[PDB]
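Numbering follows the numbering used here, with no gaps: position 34 of the sequence shown is 50.
For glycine and all other residues, C-beta sits at the position ideal for the given N, C-alpha and C.
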Amino acid sequence: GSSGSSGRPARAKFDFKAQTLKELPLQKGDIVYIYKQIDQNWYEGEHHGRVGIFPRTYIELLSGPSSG
């Protein structure tokens, strides 16, 4: 049916305004799940029923729960 967990745990260090769909909004403190990595300085995840991309300098890859 469904899958366990998808994406990596990350916390938004700073708020981000998504101009278009491609990009996803973020808030200082809001948590997100990175499914894949766009670039060396970008990422991709979901937040508030929304999927897009955002810079890694805005989020912070949490530490702890990780099962690959």
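Pairing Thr73 with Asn57, the inter-Cα distance amounts to about 7 angstroms.
Taking 9 angstroms as the cut-off, the beta carbon of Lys38 is found closer than this to the beta carbon of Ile69. With distances taken between CA atoms, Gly65 lies nearest to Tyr49 out of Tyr49, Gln53, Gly84.
Per DSSP, the beta-bridge partners of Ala26 are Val48, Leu77.
In the DSSP assignment, the residues bridged to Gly68 are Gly61.
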